[PDB]
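For reference, the structure is listed below as structure tokens.
What follows draws every value from the coordinates through simple rules; no lab data is involved. Cβ coordinates were reconstructed from backbone atoms using ideal geometry, including for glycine residues, and neighbour counts include every protein chain displayed.
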Amino acid sequence: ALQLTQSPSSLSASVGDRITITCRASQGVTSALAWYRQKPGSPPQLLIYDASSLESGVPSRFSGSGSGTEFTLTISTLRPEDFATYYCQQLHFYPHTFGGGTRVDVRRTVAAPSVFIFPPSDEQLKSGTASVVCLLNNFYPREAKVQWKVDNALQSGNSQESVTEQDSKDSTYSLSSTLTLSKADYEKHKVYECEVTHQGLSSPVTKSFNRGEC
Amino acid sequence: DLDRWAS
Amino acid sequence: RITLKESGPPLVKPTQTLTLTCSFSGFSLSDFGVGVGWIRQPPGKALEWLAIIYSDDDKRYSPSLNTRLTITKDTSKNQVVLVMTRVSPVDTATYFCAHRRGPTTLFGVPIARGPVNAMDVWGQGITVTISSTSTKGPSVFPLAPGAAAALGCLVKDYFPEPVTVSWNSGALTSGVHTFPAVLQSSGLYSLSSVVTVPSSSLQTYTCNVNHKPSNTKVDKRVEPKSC
């Protein structure tokens, strides 16, 4: 079906800035497009309907323009409540698609993550499972890539990660990634490595340990 | 198909 | 003033059928051209359109979910119901219903269609978790180690959300990061809580974990191993 692509997917800014988010459709949707702002924990809120009409009760700093395949939302003077995720929605064709969203967060200077690797506890091992956790602490911007390697084999499909919300004092994020293996598989290898790529790191940093080394 | 109010 | 609110089960098991109800006030589904739609949002993901129904009773569904969705209305009760069959874990999401305006009329004559281009009022959303799991308390394991040091606790295999974690009975707050839990393929949640301190403080560190659902409280003191 019809594709709606938002750009950028993520954007950093400060109070008072002017930002503009754009949304492009794969086929023309005339003026049937709406913009929403969604704050964490709340439902999306309508800002602009029919590509450019200002929804009633919505502050005038919000503006929408465009028609056909290209639309833009601009917030002229960013306020603290605007740090949020924005979505565009097409209503010309069924299904009524939503774009992927664009996250707007507090800009701060670039900060590389402090990385730490934790081996599984002997207590967990006795239960038969092995969790290897990697922590990326206080970094910025949000995008970071974690790659697990076991005896140099690239791992895939056996890890999960979660990211904290932007810190209200730091403006940084933290990320936890868990590699999970059976105790048996765990025992069949030695070098457990967490490789981290991030804008603040000149090149990838790797933190690792050799299993059973004591 | 076209939205209910399209065209 | 238009308001909508979603209701239904917070927890549902795979293969089961999920029935969600949207009860609203401020408009009638008998008003001209009005619509009520459903949109969902898996945790951390984008909004996804599901279906919509209009007062003249036309219905439309997401093509990807068409076979599992039924939307219906009960005009006299001011409710719209969405039934999703055969749910699986990927259906865990926050589900929202929303109002869609019909064209503006002048002396009962449609004169403006621009107002239909948006879903203008939304309900708060209802969180639905799809897992076969039964209530279960977490196993708590230690996570042990600019010149900052890090340690923590891995709160593993519990259900359902939420769990609370604090450090040193609430006295340790600076440098604490408790991450959002991930729903594992097993259907149980897992989360880590860590804390960063001056590489010298290694002071004592104990995480206090509490999973109300299963009556499981645990305090786990964590230290820099090696006996």
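For the reader, a short list of remarks on this structure follows.
- Helix-only arithmetic for the protein assembly as shown: the sum of -39500 (n - 2.57) across DSSP H runs with n ≥ 4, divided by the residue total, places the mean residue ellipticity at 222 nm at -500 deg cm²/dmol.
- Placing a label point 7 Å from the Cα of C:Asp57 along the Cα-to-Cβ direction, the residues of segment C:11-43 whose backbone N falls under 17 Å from that point are C:29-36.
- Cut-off 11 Å (backbone N to label point 7 Å along Cα→Cβ of C:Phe32), residues of segment C:74-109: C:102-109
- Neighbour-count order for A:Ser14, A:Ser63, fewest beta carbons within 10 angstrom listed first: A:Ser14, A:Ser63
- Summed side-chain charge close to C:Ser193 - residues other than C:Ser193 whose Cβ falls under 12 Å, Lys, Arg +1, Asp, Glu -1: +2
- Pairwise centroid distance, computed over Cα atoms, of segment C:2-41 with segment A:40-115, Å: 24 Å
- Loop trypsin sites (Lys or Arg not before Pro), segment A:122-182 (other Cβ atoms within 10 Å of the site Cβ: 13 or fewer; DSSP): A:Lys169
- Stretching the chain fully between C:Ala112 and C:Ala46 yields a gain of 20.7 nm (0.36 nm per residue, less the alpha carbon separation).
- Distance between the C-alpha centres of segment C:103-178 and segment A:128-151: 21 Å, rounded to the whole angstrom.
- When the charge dipole of chain A is built from unit charges on Cβ atoms (+1 for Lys and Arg, -1 for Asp and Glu) and taken about the Cα centre, the candidate among A:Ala13, A:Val163, A:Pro113 whose Cα reaches farthest toward its positive end is A:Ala13.
- Computed over neighbours whose Cβ is under 12 Å from that of C:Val121, the net charge equals +2, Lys and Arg +1, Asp and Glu -1.
- Spin-label model, C:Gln16 to A:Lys126: label points 7 Å out along the Cα-to-beta-carbon direction sit 3.5 nm apart.
- Positive-pole candidate from A:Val205, A:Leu46, A:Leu78, dipole of chain A, charges at beta carbon: A:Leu78
- Length released on extending from A:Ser156 to A:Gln199, taking residue separation times 0.36 nm less the Cα-Cα span: 13.2 nm
- Charge sum, other residues only, whose C-beta stays under 14 Å from A:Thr180's C-beta, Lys/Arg counted +1 and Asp/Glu -1: -1
- Scalar couplings 3J(HN,Hα) for segment C:111-118, obtained by applying the Karplus form with A = 6.51, B = -1.76, C = 1.60 to θ = phi - 60°, are 10, 9, 9, x, x, 7, 8, 3 Hz; x denotes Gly and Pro.
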